[PDB]
Visitor: 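There's a structure below that I have some questions on.
As a basis for the values below, the full set of heavy atoms in this structure was taken, side chains included, without hydrogen atoms, waters or symmetry mates. To find a chain, count down the sequence lines: A is the first, B the second, and so on, and within it residues start at 1.
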Amino acid sequence: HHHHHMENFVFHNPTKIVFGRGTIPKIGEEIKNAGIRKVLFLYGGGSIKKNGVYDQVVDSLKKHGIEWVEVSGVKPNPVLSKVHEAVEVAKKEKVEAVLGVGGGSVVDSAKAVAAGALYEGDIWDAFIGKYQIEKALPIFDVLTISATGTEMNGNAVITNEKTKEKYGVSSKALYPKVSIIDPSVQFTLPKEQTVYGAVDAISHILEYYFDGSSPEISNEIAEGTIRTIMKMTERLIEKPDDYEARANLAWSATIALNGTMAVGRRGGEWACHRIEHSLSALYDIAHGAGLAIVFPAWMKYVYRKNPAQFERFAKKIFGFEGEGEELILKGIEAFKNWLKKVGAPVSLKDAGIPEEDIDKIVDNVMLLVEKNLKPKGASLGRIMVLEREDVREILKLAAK
Amino acid sequence: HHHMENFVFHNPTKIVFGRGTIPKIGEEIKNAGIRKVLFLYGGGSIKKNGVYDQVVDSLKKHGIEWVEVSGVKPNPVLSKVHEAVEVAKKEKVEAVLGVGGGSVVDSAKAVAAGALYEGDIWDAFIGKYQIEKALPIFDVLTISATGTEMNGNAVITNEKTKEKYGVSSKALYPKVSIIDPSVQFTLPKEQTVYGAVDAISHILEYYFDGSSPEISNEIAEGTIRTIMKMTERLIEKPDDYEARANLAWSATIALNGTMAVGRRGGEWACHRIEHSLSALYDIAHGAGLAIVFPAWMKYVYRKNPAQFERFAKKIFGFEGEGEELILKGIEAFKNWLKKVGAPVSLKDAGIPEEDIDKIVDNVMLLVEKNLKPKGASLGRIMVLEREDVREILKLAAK
Ligand SMILES: NC(=O)c1ccc[n+]([C@@H]2O[C@H](COP(=O)([O-])OP(=O)(O)OC[C@H]3O[C@@H](n4cnc5c(N)ncnc54)[C@H](OP(=O)(O)O)[C@@H]3O)[C@@H](O)[C@H]2O)c1
Ligand SMILES: NC(=O)c1ccc[n+]([C@@H]2O[C@H](COP(=O)([O-])OP(=O)(O)OC[C@H]3O[C@@H](n4cnc5c(N)ncnc54)[C@H](OP(=O)(O)O)[C@@H]3O)[C@@H](O)[C@H]2O)c1
Ligand SMILES: [Fe+3]
Ligand SMILES: [Fe+3]
């Protein structure tokens, strides 16, 4: 048998990363050197003004002769109305690029605005298979929360509040030109956000790790990165201004979804993520919080379809020795327990979502499959494609 | 400590990897807007193993016109680069397509630069010209070792001066590199092994540079352990595709920037000493590293003891502490290299101990002519003087 095949792949990631303390003043230099004179400066709720990130950025833009217009108020699960608002500004002000300053919600919004600025229609079309994004304005970002790896990929997730649809799109045109990551600006993050961001980065790795593939080099890199994220999370809970922890976690989040973990694999599973979108769409919970609930339940539901990799998970992430269903369940339980330790919800009840809502959540998941996945030939899950009834059982596993 | 150093990461090269991918070469060239290329290659292995025919068929299919220059040598020489630069210019090629190993891809990089330079491209290797622009470079890689397929480096030997020098430039990053690991099945065992030693050595030049960030250590250690496992498999079964594929990607990430993140720029003493061995005796790059690296480790470990402890625990699974552990790990590394057939002394390579002073002279020249113009020095956790280089070579002699 041949369960460790390294799949054919194409790898291409042109994004420039500028990383470390004191790097944010380079943002104006990067934009100037990229030949850009006028940007839309997009941001969230003004944590960036409060922590001095805004003044570092503005001082750099002013120093390097960059003109800008601001749009603020991007929300943590970003919404389409705000993208619409910003697209109108970008078009009316003739901006040459979009500069997102904030967390994943801002950088995803920046991508969606960069695409929409070059599209005649409603950019929501791209999230429901009615428009393939081939071109976008250049995107620059100053990242202030490490979680999603959006700073170094072509993905964006937006919620249409009108329809309660939280959907993703992926395009080469949405890779940032330059992303600046100063991990020290993360010292002020709430503990819960730090942890949710770690859970997200781990989950991105696991979506690939569990896709049925098992190349040796990819397993090694995945495992090393998971172990690093876990260690750093624990440090950050105790000491939120531990720079090396922030820095290690930041880069691990970046590589989790920059193409690194995809190499040699089968494209990833993505069932947990797509299920979680419906929780965030319906309840506005943190992405990472939803994943802490769904992932362990999914793992318990599916492991017989990929047992050797669940055994390797137990051995390589947690150091257990053994074989079979016992070892598999030991590893899944340790994962659930670690999530609980660091304070993440591991049930719907932990998050205040009642059991009697399950069927409503399942309806939302199924709509996502029809409207977001089917148009691009995607399906829910890979090692096991999940039908309505499978989604219901997983949520019932995660209910209490 | 375990500080994660500030860094800039940028690697725009596209990789197309796997079985049956070489037919994409003409498509990639076409899609890049290019019609006429210089097809550069080595000593003829590609004509005996089907690669030449795959490339030519793809170029024909996609309307790509080409001129050829062959004869690139395993330690590539400046005279052949000169020949190819003249053909490039005379024939108005729009890109350079290197099909072969690292010697060929490095030569393609040098030719792509020299094609746009009025002078002798050797200037770039001695600090007299800054390569800011070069023709587009494409490559079909047939041996995994150097990672040249996904970086901006090139090393060329000026035969007239016995100087084997490196250059790095953003302009030398390939546009597209195609890696079909299955074409490596025909490699002699020695070349497979020298390739693996070079990949491991790239990782270690970063691993031992004084820095020790957790994420960078983990990625390095997992990559080295994989290379070692796959090398052993390939010595027994050269047509083990998964072993070739895993080794291929490991060698790519070893020097594409992945190992540099959060570190201090790398040590590079072993590489730069080795270049003198290859300049003077024409030995394989990786063979020389097998000789120099263990000696260098034995010489310098007191300057970075904690990382040498970690090397022993993480690569070999040894337990304990301090110098006993450090020495166990270094000896295990040397013995592994010996096990897989690499030379681990100058004697193993047919190099006389009496020649150490002539080798040292060449190393010192490299320092004056290649390193100092670019503000670089021989070593980092210990800068190496003439005497230190001599002591390292003595430790490597037998
Ligand atoms: N594109 C992708 O690769 C991808 C993949 C998976 C998930 N996602 C998406 O990304 C979004 C999640 O983004 P995220 O996890 O990065 O977090 P986020 O939603 O952007 O931010 C969460 C919270 O953190 C705060 N914050 C950010 N930086 C801070 C700082 N340094 N100090 C103190 N507070 C700070 C924000 O407040 P302020 O507004 O005041 O700054 C906000 O309330 C979700 O919509 C998810 O679906 C994208
Ligand atoms: N740029 C960088 O990142 C960097 C870094 C370190 C070292 N280097 C340099 O790279 C060079 C070494 O390159 P390399 O290790 O890749 O080896 P190479 O010198 O390009 O090739 C070594 C031998 O392998 C043969 N060969 C290649 N592919 C084959 C195949 N698939 N089947 C059978 N034989 C095959 C060649 O024969 P044919 O000629 O007949 O094809 C040649 O004799 C040195 O000059 C070294 O200094 C570069
Ligand atoms: Fe996510
Ligand atoms: Fe090398």
Side-chain angles (χ1 to χ4, degrees), chain A residues 2-23 26 30 152 177-183 214-229 232 235 243-255 258-260 263-264 316, chain B residues 1-21 28 150 173 175-181 212-227 229-230 233 241-253 256-258 261-262 314:
Chain A
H2 299 269
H3 302 312
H4 308 291
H5 174 61
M6 171 102 96
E7 300 278 332
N8 287 20
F9 64 94
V10 171
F11 179 95
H12 183 235
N13 192 331
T15 298
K16 173 175 187 192
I17 302 297
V18 182
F19 184 107
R21 298 190 267 215
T23 50
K26 296 287 170 181
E30 297 286 343
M152 213 187 178
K177 291 304 174 172
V178 191
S179 299
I180 304 182
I181 304 152
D182 179 346
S214 195
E216 182 76 356
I217 184 56
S218 317
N219 285 339
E220 287 285 325
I221 293 170
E223 288 151 8
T225 307
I226 289 157
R227 292 189 303 261
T228 298
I229 295 165
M232 299 310 158
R235 287 166 54 168
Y243 181 76
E244 306 312 336
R246 290 291 181 191
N248 275 275
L249 213 197
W251 187 244
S252 298
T254 300
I255 66 169
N258 86 341
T260 291
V263 160
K316 299 295 186 173
Chain B
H1 271 239
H2 307 294
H3 178 58
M4 169 109 69
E5 303 283 336
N6 290 16
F7 69 90
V8 172
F9 181 92
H10 186 215
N11 192 331
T13 292
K14 178 173 176 187
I15 301 300
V16 181
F17 184 107
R19 281 188 289 223
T21 51
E28 290 294 350
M150 208 188 178
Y173 281 74
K175 300 304 191 171
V176 191
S177 303
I178 301 188
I179 304 160
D180 179 347
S212 187
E214 174 91 317
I215 189 53
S216 307
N217 285 344
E218 286 289 324
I219 289 176
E221 294 145 3
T223 304
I224 293 163
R225 286 194 297 270
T226 304
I227 295 163
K229 285 193 177 198
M230 299 307 158
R233 285 169 53 177
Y241 178 77
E242 300 318 330
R244 291 293 183 189
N246 278 272
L247 218 193
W249 189 236
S250 302
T252 303
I253 63 169
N256 84 338
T258 286
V261 162
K314 299 298 185 170

Visitor: Please give me the minimum heavy-atom distance between B/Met4 and A/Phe19, naming the atom from each residue.
Guide: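 Minimum heavy-atom contact is CG-CE2, 4.1 Å.
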Visitor: Drop me the distance from A/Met232's CE to B/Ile215's CD1, to the nearest 0.5 angstrom.
Guide: 8.0 Å
Visitor: Contact part of A/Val263 toward chain B, heavy-atom cut-off under 4.5 Å: side chain, backbone, both or neither?
Guide: side chain
Visitor: Would you mind checking which part of B/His3 comes under 4.5 Å of any heavy atom in chain A, side chain (CB onward), backbone (N, CA, C, O), both or neither?
Guide: both
Visitor: Which residues pass the side-chain hydrogen bond (donor to acceptor under 3.5 Å, both in side chains) test with A/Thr254, not counting sequence neighbours?
Guide: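 Residues passing side-chain hydrogen bond (donor to acceptor under 3.5 Å, both in side chains) with A/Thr254: A/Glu151.
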Visitor: Distance check, rounded to the nearest 0.5 Å: B/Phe9 atom CZ versus A/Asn13 atom CG?
Guide: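 The distance works out to 7.5 Å.
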Visitor: Without swapping roles, check the side chain of A/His12 against the backbone of B/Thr13 for a donor-acceptor pair under 3.5 Å.
Guide: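 Looks like no, no N/O pair under 3.5 Å.
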Visitor: Please look at B/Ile253 and chain A and tell me whether the side chain, the backbone, both or neither of the residue comes under 4.5 angstrom of a heavy atom of that chain.
Guide: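 Contact with chain A involves the side chain of B/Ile253 alone.
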Visitor: Verify, without hydrogens or angle tests, whether B/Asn246 (side chain) and A/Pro215 (backbone) share a donor-acceptor contact under 3.5 angstrom.
Guide: no
Visitor: When rounded to the nearest 0.5 angstrom, what is the spacing between OG1 in B/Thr21 and CZ in A/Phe9?
Guide: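 Here the rounded value is 9.5 Å.
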Visitor: Using side-chain contact (heavy atoms from CB on, under 4.5 Å) as the criterion, list what pairs up with A/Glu223, not counting sequence neighbours.
Guide: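 Counting only residues at least two positions away or on another chain, A/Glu223 forms a side-chain contact (heavy atoms from CB on, under 4.5 Å) with A/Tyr209, A/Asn219, A/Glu220, A/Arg227, A/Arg312, A/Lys316, A/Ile317.
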Visitor: If you count heavy-atom pairs within less than 4.5 Å of chain A, which of B/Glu5, B/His1, B/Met150, B/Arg19 leads?
Guide: B/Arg19
Visitor: Taking all non-hydrogen atoms of both residues, which atom of A/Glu216 and which atom of B/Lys229 are closest, and how far apart?
Guide: OE2-NZ, 3.0 Å
Visitor: Against chain B, label A/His5 side chain, backbone, both or neither, depending on which of its atoms sit under 4.5 Å from a heavy atom there.
Guide: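 Both backbone and side chain.
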